[PDB]
Amino acid sequence: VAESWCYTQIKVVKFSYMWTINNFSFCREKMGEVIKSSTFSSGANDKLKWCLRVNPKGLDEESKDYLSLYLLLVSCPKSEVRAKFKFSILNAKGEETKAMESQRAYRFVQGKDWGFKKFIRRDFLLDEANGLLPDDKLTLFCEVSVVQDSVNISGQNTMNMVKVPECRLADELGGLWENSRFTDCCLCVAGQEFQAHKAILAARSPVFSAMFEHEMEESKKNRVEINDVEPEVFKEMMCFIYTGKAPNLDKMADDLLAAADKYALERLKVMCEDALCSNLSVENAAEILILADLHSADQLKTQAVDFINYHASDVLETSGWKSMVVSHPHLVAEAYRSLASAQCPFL
Amino acid sequence: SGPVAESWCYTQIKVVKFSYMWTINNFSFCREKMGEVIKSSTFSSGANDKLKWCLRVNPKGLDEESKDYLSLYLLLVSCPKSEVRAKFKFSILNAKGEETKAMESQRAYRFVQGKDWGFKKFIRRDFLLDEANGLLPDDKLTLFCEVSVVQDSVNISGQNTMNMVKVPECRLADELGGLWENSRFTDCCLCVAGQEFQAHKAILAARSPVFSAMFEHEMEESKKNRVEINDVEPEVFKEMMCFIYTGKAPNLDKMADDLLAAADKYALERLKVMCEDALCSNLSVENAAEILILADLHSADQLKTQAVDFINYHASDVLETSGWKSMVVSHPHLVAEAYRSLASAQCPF
Amino acid sequence: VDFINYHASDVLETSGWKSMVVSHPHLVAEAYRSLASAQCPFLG
Amino acid sequence: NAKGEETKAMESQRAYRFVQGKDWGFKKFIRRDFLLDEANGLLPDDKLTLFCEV
C-alpha cells in the first residue's frame with residue numbers, strides 16, 4: 001500500500017580539518033593563553049568560516065590539568081549556525097581511540113566561540129609511552145557538520161492500472177440508427193418513411209427475417225410496407241431493435257406491446273408487459289386482460305388474472321367488466337378457472 | 001426460512017482509507033531538540049481534493065513527559081468545514097517492508113482544522129535507538145500511517161419489489177454475433193491473405209473509423225464489395241471481427257501481442273486498450289524491452305507508461321538481457337525517455 | 001557521467017544532450033546504468 | 001442465512017400492544033465480541049444482515 005511519500009531528507013553537510021604543530025613540547029613559548037589559528041572553510045564557496053584556537057596552558061584554574069580545544073565562528077551572515085563538531089585525531093601512529101566527541105551542538109553566531117574546555121590531562125599526553133608525540137607533532141580532526149531545516153518531498157507512488165472503457169456497441173449502433181448510413185431497405189409507416197439496414201433488422205426480429213430471406217428484395221427490400229403501426233411507436237420499436245433499449249416505453253406500453261407482438265420481439269414484449277403489469281388499476285384490468293389474451297402475452301395475462309381475482313369485489317361494478325363479459329366469455333371462463341383451484345379453495 | 005422477505009434496506013457507511021509513509025534519512029544525526037516541529041507534507045486521499053491530513057513528529061517530544069517518548073500527533077490541515085472524523089493507526093516499517101511495530105487508535109477521533117489528536121507518547125525512544133533492534137536500516141527512520149475517515153449518514157429504504165415479471169437480460173451482442181459466424185447475407189467481401197470472409201458495411205463503418213474512411217470513399221463506386229486486408233494474419237483478424245461485431249474477444253491473451261497492432265491499425269480504441277491490459281498484466285524483466293518497443297511502435301500510451309515504470313523499478317537485471325541491448329542499438333530515443341523517467345524519479349539526489 | 005547524472009534535470013535540456021541522444025546511444029545507456037545500478041533504491 | 005443460520009436468534013413469546021410513538025422489543029440477545037467473532041459467521045464482509053418478520 002502506498003499513497004504519498006515525503007522523504008524530507010534532513011540536510012547534512014560534512015567536512016574535515018587538521019591541525020599540526022611540529023614542536024608541541026616547545027610550542028608554548030608565549031605561555032599559551034591562546035593560539036590564533038588560520039581560518040578555513042568548505043562547502044558553498046567557502047561561505048562558512050571556521051578556525052580552531054587552542055589554550056594548551058592553564059589560562060583558568062583547572063586548565064593546568066586538562067588541555068584545551070575550542071571552535072570559533074569567525075564570521076557568517078546568518079545568525080543561527082548549528083553544527084555538530086566531532087573533534088578527534090587522524091591516527092598518526094596507531095591511535096583511533098582517545099577521541100571523545102560532543103553530540104550536542106550550539107547556536108554559533110557571528111564572532112562567538114562555543115566549544116568545550118575539557119579534553120585530556122597534560123601529564124600522560126606529554127609522555128611518549130602513549131604515542132601522542134609522533135616526531136614531536138600531533139594531528140587533530142574536527143568533522144564539523146552543519147544542518148538546516150528546509151527540505152520536503154510531495155510524492156504519490158500511485159498504484160494505478162490500465163482502465164478499459166465500457167462496452168459501446170449499443171451507443172455505436174444507436175448512432176448508426178440516428179444517422180442512417182449505408183442503409184439497404186426503406187421501411188414505410190403511415191406517411192413517415194424510415195430507412196434502415198436489412199441485416200440488423202433481420203437478426204433481431206424473425207418476422208423481418210422472414211420477409212427478406214425469401215428472395216423478394218427488389219420487390220420488398222426497397223419499399224417494404226409496414227402499414228399497421230403509427231409513427232412514434234414504430235420509431236420506438238426501431239430504437240429498441242437497433243440499440244436494445246426502449247427509452248420512453250413507460251408512457252406507450254399498450255400499443256408498443258401490440259407492435260412488439262406483431263414482429264415477435266420476445267424481449268420488448270416482456271418489457272411492455274413489465275410496464276403494463278405495474279399499472280393495473282381497479283377499473284382497467286378488463287382492458288389489460290383483453291390485451292394480454294389478444295397478443296398472447298402470457299405473464300401479463302397471469303398477473304391480470306390474479307389482479308382480477310384479488311379485486312373481484314370492486315371490478316364487477318366497472319363497465320369494462322360488463323363489456324368484456326359481453327364480448328369475451330372465454331376470458332371470464334379462464335379467470336373463473338384460475339380462482340376455482342386457488343385463492344378461494346377453503347370453503 | 002422465508003427467503004426474499006420483500007425489502008433490501010442496505011444502509012452504507014462510506015469508509016475512505018488511505019496510506020502514508022514517512023521516512024527521514026539519517027534520522028538520529030541531529031533532528032533538532034526540545035519541543036520544536038518536523039511538520040510533514042500535507043496529504044489527501046487521492047480521490048478528489050477536499051481532505052488534507054498530515055503527520056507531525058518530534059524526536060524530542062514536547063514537555064518533559066515526552067522526553068524519552070517521541071511525541072506524535074496528526075493534525076487536520078484544511079478541508080471544507082464539516083468537523084470530519086477518523087480512526088488512525090501509526091506503524092513502523094523496516095528495510096524488508098514488513099510491519100515491525102503498529103498501534104491503532106481505538107476510536108475515531110473527531111477533528112476540525114487546528115485540532116489534533118494522536119498517539120502521544122507512542123514509544124520509548126530507547127527501543128528505537130537500539131541498533132540491534134533493526135528498526136533503523138541505513139540510519140533511516142521509516143514510519144507508516146493509515147487514516148480511515150468515516151462519515152456514514154447514508155440510508156436507502158431497500159427496494160420493495162412487488163412485481164414478478166422476468167425481462168430476460170439483453171442480447172444485442174449475441175445476435176450480432178449471429179450475423180458474423182452464420183454470416184446471414186452480408187454486404188461487403190473481405191479477404192485476408194487468401195482467406196474469404198463476408199461481412200457487412202454498417203457495423204464495420206460505425207465501430208471502426210478507419211474502415212469508415214475506407215468504405216465511404218471511392219470503393220462504393222467501383223470496388224465496395226471486394227477489399228483486401230493484406231496486413232494482418234487471418235487467425236487474429238477473426239478475433240478483430242469478433243470484437244467489431246459482439247464487442248468482445250474471448251481468446252485474446254493468447255495473441256494479445258499482434259492484436260494490439262491490429263486494433264491500433266484500425267483505430268479500435270477499446271480493443272487497443274484491452275490489448276494493453278492483456279500485455280500490461282504479463283510484464284516480465286526478460287521482455288520488458290520488447291513490450292516498451294511495441295507500446296511505442298503501435299502508439300499505445302498506458303502500456304508505454306507502465307512498461308516505463310516497470311523498467312525503472314527493475315533496471316537492475318534488464319540490462320543483462322539481450323532485449324535491452326537490441327533496444328539501445330535500434331531505438332535510442334526510448335532509452336532517452338526511460339533515462340529521463342528514472343532521472344525525475346530520483347531528482348533530489 | 002557522474003556530473004551529468006547530478007545535473008540531469010538541467011543537462012537533458014541542453015542542445016548537446018539532444019545531439020548525443022542520436023549521435024551516441026551507448027553513452028546514454030551507460031549514463032542510465034550509472035544512474036540505475038550504481039544508485040537506487042529511492043522509495044519507489 | 002448467508003452461511004447456515006436459521007437459529008441463534010430469539011423469538012417473541014408473547015404479543016404486546018403497539019401504540020403511536022412507542023417502541024417495543026428486547027435487549028439481551030448476544031455478546032458484542034461474540035457477535036464480532038467470525039467463528040459464529042456473524043461478520044459477512046463486515047456486514048450484518050437481518051431477517052425481521054412482523
# chains A, B, ... in the order shown; residues from 1 in each chain; ligands from 1
>>> select_by_dssp(residues="region 72-159 of chain A", states="alpha helix (DSSP H)", output="ChimeraX atom specification")
/A:122-126
>>> residues_around(residues="region 7-20 of chain B", least_positions_apart="5", cutoff="6 Å", atoms="only C-alpha atoms", output="ChimeraX atom specification")
/A:2-4 /B:45,144-150,152,154-160
>>> write_last_selection(atoms="N, CA, C and O atoms", output="PDB file, in the first residue's frame")
ATOM      1  N   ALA A   2       0.468   2.256  -0.769  1.00  0.00           N
ATOM      2  CA  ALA A   2       1.241   3.484  -0.879  1.00  0.00           C
ATOM      3  C   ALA A   2       0.380   4.559  -1.525  1.00  0.00           C
ATOM      4  O   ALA A   2      -0.252   4.307  -2.554  1.00  0.00           O
ATOM      5  N   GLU A   3       0.354   5.749  -0.910  1.00  0.00           N
ATOM      6  CA  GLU A   3      -0.406   6.879  -1.443  1.00  0.00           C
ATOM      7  C   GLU A   3       0.362   8.194  -1.495  1.00  0.00           C
ATOM      8  O   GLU A   3       0.039   9.028  -2.347  1.00  0.00           O
ATOM      9  N   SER A   4       1.344   8.433  -0.626  1.00  0.00           N
ATOM     10  CA  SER A   4       2.116   9.674  -0.692  1.00  0.00           C
ATOM     11  C   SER A   4       3.334   9.528   0.209  1.00  0.00           C
ATOM     12  O   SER A   4       3.178   9.282   1.409  1.00  0.00           O
TER      13      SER A   4
ATOM     14  N   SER B  45      -6.619  11.994   0.239  1.00  0.00           N
ATOM     15  CA  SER B  45      -6.963  10.609  -0.063  1.00  0.00           C
ATOM     16  C   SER B  45      -6.443  10.194  -1.432  1.00  0.00           C
ATOM     17  O   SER B  45      -5.881   9.103  -1.584  1.00  0.00           O
ATOM     18  N   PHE B 144       4.789   4.680   8.902  1.00  0.00           N
ATOM     19  CA  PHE B 144       3.687   4.352   8.008  1.00  0.00           C
ATOM     20  C   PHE B 144       2.377   4.512   8.758  1.00  0.00           C
ATOM     21  O   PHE B 144       2.218   3.966   9.854  1.00  0.00           O
ATOM     22  N   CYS B 145       1.445   5.254   8.164  1.00  0.00           N
ATOM     23  CA  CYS B 145       0.173   5.585   8.788  1.00  0.00           C
ATOM     24  C   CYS B 145      -0.962   5.293   7.820  1.00  0.00           C
ATOM     25  O   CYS B 145      -0.797   5.378   6.601  1.00  0.00           O
ATOM     26  N   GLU B 146      -2.117   4.937   8.382  1.00  0.00           N
ATOM     27  CA  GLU B 146      -3.324   4.659   7.612  1.00  0.00           C
ATOM     28  C   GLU B 146      -4.488   5.385   8.266  1.00  0.00           C
ATOM     29  O   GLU B 146      -4.885   5.044   9.385  1.00  0.00           O
ATOM     30  N   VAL B 147      -5.037   6.374   7.564  1.00  0.00           N
ATOM     31  CA  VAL B 147      -6.146   7.187   8.047  1.00  0.00           C
ATOM     32  C   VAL B 147      -7.428   6.658   7.420  1.00  0.00           C
ATOM     33  O   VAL B 147      -7.473   6.381   6.216  1.00  0.00           O
ATOM     34  N   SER B 148      -8.471   6.532   8.238  1.00  0.00           N
ATOM     35  CA  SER B 148      -9.697   5.810   7.905  1.00  0.00           C
ATOM     36  C   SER B 148     -10.921   6.668   8.206  1.00  0.00           C
ATOM     37  O   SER B 148     -11.802   6.283   8.979  1.00  0.00           O
ATOM     38  N   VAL B 149     -10.936   7.886   7.651  1.00  0.00           N
ATOM     39  CA  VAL B 149     -12.074   8.794   7.787  1.00  0.00           C
ATOM     40  C   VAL B 149     -13.370   8.081   7.430  1.00  0.00           C
ATOM     41  O   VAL B 149     -13.465   7.403   6.402  1.00  0.00           O
ATOM     42  N   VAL B 150     -14.377   8.239   8.288  1.00  0.00           N
ATOM     43  CA  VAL B 150     -15.711   7.682   8.082  1.00  0.00           C
ATOM     44  C   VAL B 150     -16.727   8.770   8.398  1.00  0.00           C
ATOM     45  O   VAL B 150     -16.569   9.501   9.381  1.00  0.00           O
ATOM     46  N   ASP B 152     -20.465   8.080   7.222  1.00  0.00           N
ATOM     47  CA  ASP B 152     -21.754   7.371   7.315  1.00  0.00           C
ATOM     48  C   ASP B 152     -22.833   8.323   6.784  1.00  0.00           C
ATOM     49  O   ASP B 152     -22.589   9.034   5.797  1.00  0.00           O
ATOM     50  N   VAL B 154     -25.844   7.745   5.324  1.00  0.00           N
ATOM     51  CA  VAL B 154     -26.428   7.336   4.051  1.00  0.00           C
ATOM     52  C   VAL B 154     -27.317   6.123   4.289  1.00  0.00           C
ATOM     53  O   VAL B 154     -26.878   5.113   4.851  1.00  0.00           O
ATOM     54  N   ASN B 155     -28.583   6.231   3.888  1.00  0.00           N
ATOM     55  CA  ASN B 155     -29.556   5.162   4.052  1.00  0.00           C
ATOM     56  C   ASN B 155     -30.471   5.104   2.840  1.00  0.00           C
ATOM     57  O   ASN B 155     -30.847   6.133   2.271  1.00  0.00           O
ATOM     58  N   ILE B 156     -30.819   3.879   2.452  1.00  0.00           N
ATOM     59  CA  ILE B 156     -31.771   3.606   1.385  1.00  0.00           C
ATOM     60  C   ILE B 156     -32.831   2.674   1.944  1.00  0.00           C
ATOM     61  O   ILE B 156     -32.520   1.707   2.646  1.00  0.00           O
ATOM     62  N   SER B 157     -34.089   2.957   1.619  1.00  0.00           N
ATOM     63  CA  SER B 157     -35.205   2.137   2.091  1.00  0.00           C
ATOM     64  C   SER B 157     -35.442   0.934   1.182  1.00  0.00           C
ATOM     65  O   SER B 157     -36.563   0.673   0.748  1.00  0.00           O
ATOM     66  N   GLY B 158     -34.373   0.181   0.914  1.00  0.00           N
ATOM     67  CA  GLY B 158     -34.420  -1.008   0.085  1.00  0.00           C
ATOM     68  C   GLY B 158     -35.113  -0.821  -1.248  1.00  0.00           C
ATOM     69  O   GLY B 158     -35.205   0.297  -1.762  1.00  0.00           O
ATOM     70  N   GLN B 159     -35.597  -1.922  -1.817  1.00  0.00           N
ATOM     71  CA  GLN B 159     -36.469  -1.897  -2.988  1.00  0.00           C
ATOM     72  C   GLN B 159     -37.570  -2.914  -2.729  1.00  0.00           C
ATOM     73  O   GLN B 159     -37.293  -4.106  -2.560  1.00  0.00           O
ATOM     74  N   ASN B 160     -38.817  -2.444  -2.700  1.00  0.00           N
ATOM     75  CA  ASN B 160     -39.930  -3.259  -2.227  1.00  0.00           C
ATOM     76  C   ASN B 160     -40.325  -4.371  -3.191  1.00  0.00           C
ATOM     77  O   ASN B 160     -41.192  -5.178  -2.839  1.00  0.00           O
TER      78      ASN B 160
END
>>> interface_residues(of="chain B", to="chain A", cutoff="8 Å", atoms="only C-alpha atoms", output="VMD selection string")
chain B and resid 18 to 27 30 to 31 40 to 41 43 45 to 46 163 165 to 168 170 to 173 175 to 176 178 to 179 184 to 186 201 to 203 206 to 207 246 to 247 270 273 to 274 276 to 277 280 302 to 303
>>> closest_atom_pairs(of="chain C", to="chain B", cutoff="10 Å", atoms="only C-alpha atoms", output="Markdown table")
| residue | atom | partner | partner_atom | distance |
| --- | --- | --- | --- | --- |
| C:5 | CA | B:343 | CA | 7.8 |
| C:6 | CA | B:349 | CA | 7.1 |
| C:7 | CA | B:347 | CA | 9.3 |
| C:8 | CA | B:343 | CA | 6.7 |
| C:9 | CA | B:347 | CA | 7.1 |
| C:12 | CA | B:340 | CA | 7.9 |
| C:17 | CA | B:336 | CA | 9.9 |
| C:18 | CA | B:336 | CA | 9.4 |
| C:20 | CA | B:332 | CA | 9.9 |
| C:21 | CA | B:332 | CA | 6.6 |
| C:22 | CA | B:332 | CA | 6.7 |
| C:23 | CA | B:332 | CA | 9.4 |
| C:24 | CA | B:332 | CA | 8.4 |
| C:25 | CA | B:332 | CA | 5.4 |
| C:26 | CA | B:328 | CA | 6.9 |
| C:28 | CA | B:336 | CA | 6.9 |
| C:29 | CA | B:335 | CA | 6.9 |
| C:31 | CA | B:339 | CA | 8.1 |
| C:32 | CA | B:339 | CA | 5.6 |
| C:33 | CA | B:319 | CA | 8.0 |
| C:35 | CA | B:343 | CA | 7.7 |
| C:36 | CA | B:315 | CA | 6.3 |
| C:37 | CA | B:316 | CA | 5.7 |
| C:38 | CA | B:316 | CA | 9.4 |
| C:39 | CA | B:346 | CA | 9.4 |
| C:40 | CA | B:346 | CA | 8.3 |
| C:41 | CA | B:313 | CA | 8.6 |
| C:42 | CA | B:346 | CA | 6.8 |
| C:43 | CA | B:23 | CA | 9.1 |
| C:44 | CA | B:313 | CA | 7.1 |
>>> write_last_selection(atoms="N, CA, C and O atoms", output="CSV table (one decimal), in the first residue's frame")
chain,number,residue,atom,x,y,z
C,5,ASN,N,24.8,13.0,-14.4
C,5,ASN,CA,23.8,12.5,-13.5
C,5,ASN,C,23.3,13.5,-12.5
C,5,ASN,O,22.1,13.6,-12.2
C,6,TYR,N,24.3,14.2,-11.9
C,6,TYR,CA,23.9,15.1,-10.8
C,6,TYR,C,23.2,16.4,-11.3
C,6,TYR,O,22.5,17.0,-10.6
C,7,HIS,N,23.5,16.8,-12.6
C,7,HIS,CA,22.9,17.9,-13.2
C,7,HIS,C,21.9,17.5,-14.3
C,7,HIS,O,21.6,18.2,-15.2
C,8,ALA,N,21.3,16.3,-14.1
C,8,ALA,CA,20.5,15.7,-15.2
C,8,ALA,C,19.3,16.6,-15.5
C,8,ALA,O,19.0,16.9,-16.7
C,9,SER,N,18.6,17.1,-14.5
C,9,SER,CA,17.4,17.8,-14.6
C,9,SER,C,17.6,19.1,-15.5
C,9,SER,O,16.6,19.6,-16.0
C,12,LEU,N,19.7,17.5,-19.5
C,12,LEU,CA,18.8,17.0,-20.6
C,12,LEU,C,18.2,18.1,-21.4
C,12,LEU,O,17.7,17.8,-22.5
C,17,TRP,N,23.1,17.5,-25.3
C,17,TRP,CA,22.5,16.2,-24.9
C,17,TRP,C,21.5,15.8,-26.0
C,17,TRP,O,21.5,14.6,-26.3
C,18,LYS,N,20.8,16.7,-26.6
C,18,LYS,CA,19.8,16.3,-27.7
C,18,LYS,C,20.5,15.9,-28.9
C,18,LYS,O,19.9,15.2,-29.8
C,20,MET,N,23.6,14.2,-28.6
C,20,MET,CA,24.2,13.0,-28.2
C,20,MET,C,23.2,11.9,-28.1
C,20,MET,O,23.5,10.7,-28.1
C,21,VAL,N,21.9,12.2,-28.0
C,21,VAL,CA,20.8,11.2,-27.9
C,21,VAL,C,20.8,10.4,-29.2
C,21,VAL,O,20.6,9.2,-29.2
C,22,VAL,N,21.1,11.1,-30.4
C,22,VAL,CA,21.1,10.4,-31.7
C,22,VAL,C,22.5,9.9,-32.0
C,22,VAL,O,22.7,8.8,-32.4
C,23,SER,N,23.5,10.8,-31.9
C,23,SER,CA,24.8,10.6,-32.4
C,23,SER,C,25.6,9.5,-31.5
C,23,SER,O,26.6,9.1,-31.9
C,24,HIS,N,25.1,9.2,-30.3
C,24,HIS,CA,25.7,8.3,-29.4
C,24,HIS,C,24.7,7.7,-28.5
C,24,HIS,O,24.5,8.2,-27.4
C,25,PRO,N,24.1,6.5,-28.8
C,25,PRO,CA,23.2,5.9,-27.9
C,25,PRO,C,23.8,5.3,-26.7
C,25,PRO,O,23.3,5.4,-25.6
C,26,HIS,N,25.0,4.6,-26.9
C,26,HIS,CA,25.5,3.8,-25.8
C,26,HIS,C,26.0,4.7,-24.7
C,26,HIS,O,26.1,4.2,-23.5
C,28,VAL,N,24.3,7.2,-23.6
C,28,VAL,CA,23.1,7.4,-22.8
C,28,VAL,C,22.8,6.1,-22.1
C,28,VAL,O,22.3,6.1,-20.9
C,29,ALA,N,23.1,4.9,-22.7
C,29,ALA,CA,22.9,3.6,-22.0
C,29,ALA,C,23.8,3.5,-20.8
C,29,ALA,O,23.4,3.1,-19.7
C,31,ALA,N,25.1,6.1,-19.1
C,31,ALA,CA,24.6,7.1,-18.1
C,31,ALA,C,23.4,6.5,-17.4
C,31,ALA,O,23.3,6.6,-16.1
C,32,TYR,N,22.5,5.8,-18.1
C,32,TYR,CA,21.4,5.1,-17.5
C,32,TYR,C,21.9,4.0,-16.5
C,32,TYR,O,21.3,3.8,-15.4
C,33,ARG,N,22.9,3.3,-16.9
C,33,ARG,CA,23.5,2.2,-16.0
C,33,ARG,C,24.0,2.9,-14.7
C,33,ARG,O,23.8,2.4,-13.6
C,35,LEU,N,23.1,5.6,-13.4
C,35,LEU,CA,22.0,6.2,-12.6
C,35,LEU,C,21.2,5.1,-11.9
C,35,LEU,O,20.7,5.3,-10.8
C,36,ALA,N,21.1,3.9,-12.5
C,36,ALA,CA,20.3,2.8,-12.0
C,36,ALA,C,21.0,1.9,-11.1
C,36,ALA,O,20.7,1.7,-10.0
C,37,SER,N,22.0,1.2,-11.6
C,37,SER,CA,22.7,0.2,-10.9
C,37,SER,C,23.6,0.7,-9.8
C,37,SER,O,23.7,0.1,-8.7
C,38,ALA,N,24.3,1.9,-10.1
C,38,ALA,CA,25.2,2.4,-9.1
C,38,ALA,C,24.6,3.4,-8.1
C,38,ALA,O,25.2,4.0,-7.3
C,39,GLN,N,23.3,3.7,-8.3
C,39,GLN,CA,22.5,4.3,-7.3
C,39,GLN,C,21.2,3.5,-7.0
C,39,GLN,O,21.2,2.3,-7.4
C,40,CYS,N,20.2,4.0,-6.3
C,40,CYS,CA,18.9,3.4,-6.1
C,40,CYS,C,19.1,2.3,-5.0
C,40,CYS,O,20.3,1.9,-4.7
C,41,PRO,N,18.1,2.0,-4.2
C,41,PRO,CA,16.7,2.4,-4.3
C,41,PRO,C,16.4,3.8,-3.8
C,41,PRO,O,17.2,4.3,-3.0
C,42,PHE,N,15.3,4.3,-4.2
C,42,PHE,CA,14.8,5.6,-3.7
C,42,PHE,C,13.3,5.4,-3.5
C,42,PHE,O,12.5,5.8,-4.4
C,43,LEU,N,12.9,4.9,-2.4
C,43,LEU,CA,11.5,4.6,-2.1
C,43,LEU,C,10.9,3.7,-3.2
C,43,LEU,O,10.9,2.4,-3.1
C,44,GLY,N,10.4,4.3,-4.3
C,44,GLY,CA,9.9,3.5,-5.4
C,44,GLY,C,8.5,4.0,-5.8
C,44,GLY,O,8.2,5.2,-5.9
>>> interface_residues(of="chain B", to="chain D", cutoff="9 Å", atoms="only C-alpha atoms", output="PDB file with N, CA and C atoms, in the first residue's frame")
ATOM      1  N   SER B   1     -37.685 -20.731   6.537  1.00  0.00           N
ATOM      2  CA  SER B   1     -36.667 -19.774   6.124  1.00  0.00           C
ATOM      3  C   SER B   1     -37.305 -18.467   5.673  1.00  0.00           C
ATOM      4  N   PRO B   3     -37.300 -16.879   2.384  1.00  0.00           N
ATOM      5  CA  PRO B   3     -36.308 -16.005   1.740  1.00  0.00           C
ATOM      6  C   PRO B   3     -36.926 -14.756   1.135  1.00  0.00           C
ATOM      7  N   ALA B   5     -38.097 -11.911   1.448  1.00  0.00           N
ATOM      8  CA  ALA B   5     -38.560 -11.074   2.553  1.00  0.00           C
ATOM      9  C   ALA B   5     -38.692  -9.608   2.142  1.00  0.00           C
ATOM     10  N   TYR B  10     -30.345  -1.310   2.730  1.00  0.00           N
ATOM     11  CA  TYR B  10     -28.915  -1.534   2.539  1.00  0.00           C
ATOM     12  C   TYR B  10     -28.163  -0.238   2.872  1.00  0.00           C
TER      13      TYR B  10
END
>>> residues_around(residues="residue 97 (chain A)", least_positions_apart="3", cutoff="12 Å", atoms="only C-alpha atoms", output="PyMOL selection string")
chain A and resi 87-94+100-101+130+132
>>> residues_around(residues="residue 191 (chain A)", least_positions_apart="6", cutoff="10 Å", atoms="only C-alpha atoms", output="PyMOL selection string")
chain A and resi 227+230-231
>>> select_by_dssp(residues="region 110-292 of chain A", states="strand (DSSP E or B)", output="list in words")
residues 116, 117, 118, 119, 120, 121, 138, 141, 142, 145, 146, 147, 148, 185, 188, 189, 192, 193, 196 and 225 of chain A
>>> residues_around(residues="residue 92 (chain B)", least_positions_apart="3", cutoff="10 Å", atoms="only C-alpha atoms", output="ChimeraX atom specification")
/B:21-23,97-103,128,135,141-145
>>> write_last_selection(atoms="N, CA, C and O atoms", output="PDB file, in the first residue's frame")
ATOM      1  N   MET B  21       3.427   7.064   4.116  1.00  0.00           N
ATOM      2  CA  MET B  21       4.719   6.610   4.621  1.00  0.00           C
ATOM      3  C   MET B  21       5.643   7.804   4.824  1.00  0.00           C
ATOM      4  O   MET B  21       5.763   8.667   3.948  1.00  0.00           O
ATOM      5  N   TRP B  22       6.282   7.838   5.990  1.00  0.00           N
ATOM      6  CA  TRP B  22       7.116   8.943   6.449  1.00  0.00           C
ATOM      7  C   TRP B  22       8.496   8.395   6.767  1.00  0.00           C
ATOM      8  O   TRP B  22       8.628   7.496   7.603  1.00  0.00           O
ATOM      9  N   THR B  23       9.519   8.929   6.102  1.00  0.00           N
ATOM     10  CA  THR B  23      10.865   8.367   6.159  1.00  0.00           C
ATOM     11  C   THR B  23      11.876   9.500   6.114  1.00  0.00           C
ATOM     12  O   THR B  23      11.914  10.256   5.140  1.00  0.00           O
ATOM     13  N   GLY B  97      10.363  -4.122   4.331  1.00  0.00           N
ATOM     14  CA  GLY B  97       8.992  -3.743   4.024  1.00  0.00           C
ATOM     15  C   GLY B  97       7.941  -4.601   4.692  1.00  0.00           C
ATOM     16  O   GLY B  97       6.956  -4.983   4.047  1.00  0.00           O
ATOM     17  N   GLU B  98       8.129  -4.918   5.971  1.00  0.00           N
ATOM     18  CA  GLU B  98       7.144  -5.629   6.773  1.00  0.00           C
ATOM     19  C   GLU B  98       6.916  -4.862   8.066  1.00  0.00           C
ATOM     20  O   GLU B  98       7.845  -4.257   8.612  1.00  0.00           O
ATOM     21  N   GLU B  99       5.679  -4.888   8.552  1.00  0.00           N
ATOM     22  CA  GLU B  99       5.325  -4.113   9.735  1.00  0.00           C
ATOM     23  C   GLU B  99       6.027  -4.677  10.963  1.00  0.00           C
ATOM     24  O   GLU B  99       5.859  -5.849  11.310  1.00  0.00           O
ATOM     25  N   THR B 100       6.818  -3.829  11.621  1.00  0.00           N
ATOM     26  CA  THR B 100       7.548  -4.195  12.828  1.00  0.00           C
ATOM     27  C   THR B 100       6.775  -3.843  14.093  1.00  0.00           C
ATOM     28  O   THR B 100       6.587  -4.697  14.965  1.00  0.00           O
ATOM     29  N   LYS B 101       6.329  -2.594  14.204  1.00  0.00           N
ATOM     30  CA  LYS B 101       5.536  -2.115  15.326  1.00  0.00           C
ATOM     31  C   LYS B 101       4.340  -1.358  14.772  1.00  0.00           C
ATOM     32  O   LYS B 101       4.462  -0.639  13.777  1.00  0.00           O
ATOM     33  N   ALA B 102       3.185  -1.525  15.414  1.00  0.00           N
ATOM     34  CA  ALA B 102       1.952  -0.913  14.934  1.00  0.00           C
ATOM     35  C   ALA B 102       1.009  -0.667  16.100  1.00  0.00           C
ATOM     36  O   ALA B 102       0.793  -1.559  16.926  1.00  0.00           O
ATOM     37  N   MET B 103       0.459   0.545  16.160  1.00  0.00           N
ATOM     38  CA  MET B 103      -0.553   0.924  17.138  1.00  0.00           C
ATOM     39  C   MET B 103      -1.715   1.570  16.399  1.00  0.00           C
ATOM     40  O   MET B 103      -1.498   2.371  15.483  1.00  0.00           O
ATOM     41  N   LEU B 128      13.695   2.298  20.029  1.00  0.00           N
ATOM     42  CA  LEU B 128      14.007   2.649  18.651  1.00  0.00           C
ATOM     43  C   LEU B 128      15.505   2.841  18.438  1.00  0.00           C
ATOM     44  O   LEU B 128      16.044   2.408  17.414  1.00  0.00           O
ATOM     45  N   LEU B 135      15.351  -1.594  13.575  1.00  0.00           N
ATOM     46  CA  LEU B 135      14.342  -0.664  13.084  1.00  0.00           C
ATOM     47  C   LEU B 135      14.935   0.620  12.514  1.00  0.00           C
ATOM     48  O   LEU B 135      14.176   1.539  12.191  1.00  0.00           O
ATOM     49  N   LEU B 141      15.060   6.347   9.702  1.00  0.00           N
ATOM     50  CA  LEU B 141      13.763   6.029  10.276  1.00  0.00           C
ATOM     51  C   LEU B 141      12.729   5.961   9.164  1.00  0.00           C
ATOM     52  O   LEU B 141      12.797   6.725   8.197  1.00  0.00           O
ATOM     53  N   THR B 142      11.783   5.041   9.302  1.00  0.00           N
ATOM     54  CA  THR B 142      10.637   4.941   8.414  1.00  0.00           C
ATOM     55  C   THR B 142       9.378   4.727   9.242  1.00  0.00           C
ATOM     56  O   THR B 142       9.382   3.968  10.216  1.00  0.00           O
ATOM     57  N   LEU B 143       8.310   5.410   8.846  1.00  0.00           N
ATOM     58  CA  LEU B 143       7.024   5.376   9.519  1.00  0.00           C
ATOM     59  C   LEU B 143       5.929   5.215   8.474  1.00  0.00           C
ATOM     60  O   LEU B 143       6.119   5.557   7.303  1.00  0.00           O
ATOM     61  N   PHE B 144       4.789   4.680   8.902  1.00  0.00           N
ATOM     62  CA  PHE B 144       3.687   4.352   8.008  1.00  0.00           C
ATOM     63  C   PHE B 144       2.377   4.512   8.758  1.00  0.00           C
ATOM     64  O   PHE B 144       2.218   3.966   9.854  1.00  0.00           O
ATOM     65  N   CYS B 145       1.445   5.254   8.164  1.00  0.00           N
ATOM     66  CA  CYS B 145       0.173   5.585   8.788  1.00  0.00           C
ATOM     67  C   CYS B 145      -0.962   5.293   7.820  1.00  0.00           C
ATOM     68  O   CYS B 145      -0.797   5.378   6.601  1.00  0.00           O
TER      69      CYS B 145
END
>>> atom_distance(atom1="CA of residue 259 (chain B)", atom2="CA of residue 322 (chain B)")
24.5 Å
